[PDB]
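Read the single chain below, which is given as structure tokens and is the form deposited in one PDB entry.
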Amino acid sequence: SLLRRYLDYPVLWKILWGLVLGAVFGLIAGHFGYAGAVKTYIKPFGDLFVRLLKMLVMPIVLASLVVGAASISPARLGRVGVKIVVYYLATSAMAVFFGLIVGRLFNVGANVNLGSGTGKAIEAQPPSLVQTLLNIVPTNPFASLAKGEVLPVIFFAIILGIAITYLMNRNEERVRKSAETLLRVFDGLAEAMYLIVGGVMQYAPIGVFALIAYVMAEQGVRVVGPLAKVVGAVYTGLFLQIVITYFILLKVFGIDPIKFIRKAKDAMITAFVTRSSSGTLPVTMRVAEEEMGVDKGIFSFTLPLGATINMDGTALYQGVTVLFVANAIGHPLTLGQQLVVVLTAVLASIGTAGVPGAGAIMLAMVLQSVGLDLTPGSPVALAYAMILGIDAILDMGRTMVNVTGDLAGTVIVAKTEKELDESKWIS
């Protein structure tokens, strides 16, 4: 059938085709003179998609974060455990930092010009940095769920997950079963949200097509050029991410980085082509075993984690594309909420979906966190539509660096613990 074939095409290439068809439809609707004809009939689908996607930020944040932070914690993390979780969070932070640096350096979204004048958010007195830190702990977690605050809910969710996993070890049975049932509730909620995200991203082709037809018909923006600069900035950012972060870490931890790249090439290409991080886990394991020298005790637990919480390419994408959305609507980010992006792109990666749409939802999450809202109609929705349309071209490098990150963390861990076979690094 037609609708049954529409749900079979690869969802990200469907979204990219939606963006392209939306751009051409808008150019035509300008070439003909039917601006209102698409602003009244084609826009409602765009607003429907924007709302249908912005609905899925708070439930995912809460449930996914609770489950993810209950999966890793000082309770069930041993010696390899904390030494790899510290590494994952540190390298995700450096990845978001490289994202923001390379965004400002490529001047992302500086020449799209779809804002609403130098205003509509005028404050002239931003909050201090220490206050921006204290605002992470919420005075009332339910009021921080209702008011749509993302970072306080992330903090409370992580704390609740750690507390539950502390409970699961207690010597009583009532507390153990209570903690198990609470974690199962949050697991069910997070996975139901992943199904609904699958459905919303199935719809997303039409949503992006509408939000691009409306913007290309109503006014004239630059969506053929700044998207090229975002692709260039993302890929140069991932290149720099590797050849700086992982190279300085390997050099400072005794490993020879040229050898690491020459051996990790197999998992890198496999994830680049296959385009999936959790689907290239066997090949990553095979490379870490037969090529690096990591023992089974270190990479039978690190890689199944580094394929779930070490999202470096996704973090750098959430850096540079947040910066594109911010410079696009004309509200550049200050050095006080350029760190909120880091915090809620590192913590929000501690629990991440594997479904197609784990970058877009997290980008909407970082947008709602840093202070830009996705209300239907605001140019934030239009710039997010352009980024979501380009998504299918960034996913490849995203997953390549995603699987190079944990493959470079396993080698470091197994070397620091003297459980790395030195015989597989020389001759």
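Note that residue numbering begins at 1 and tracks the sequence as displayed. Rigid core (definition): largest C-alpha set, two forms, superposition within 1.5 Å.
The protein also exists as the form solved in complex with a small molecule; that form is not presented, and the subsequent description refers to it.
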Decide if the three candidate residues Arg275, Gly359 and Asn402 all line the small molecule in the deposited complex, where lining means a heavy atom within 4.5 Å. yes
Among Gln337, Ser144, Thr352, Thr245, which has any heavy atom within 4.5 Å of the small molecule in the deposited complex? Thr352
Let me know the one among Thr91, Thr302, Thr344, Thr314 whose heavy atoms come within 4.5 Å of the small molecule in the deposited complex, would you? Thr314
Options 181-189, 324-332, 276-284, 118-126; stretch whose heavy atom lies within 4.5 Å of the small molecule in the deposited complex: 276-284
Rigid core as reference, CA moved 2 Å or more between the shown form and the other one - which of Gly254, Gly119, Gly78, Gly225? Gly119
With both forms fit on the core, has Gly68 moved 2 Å or more by CA between the shown form and the other one? yes
With the core lined up, does the C-alpha of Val355 move 2 Å or more between the shown form and the other one? yes
Following rigid core alignment, is the displacement of the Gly161 C-alpha between the shown form and the other one equal to or greater than 2 angstroms? yes
Since the Cα separation of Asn310 and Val67 moves by 3 Å or more in the deposited complex, tell me which way: closer or farther than here. farther
Do the C-alpha atoms of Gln338 and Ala143 sit closer or farther apart in the deposited complex than they do here, given a shift of 3 Å or more? farther
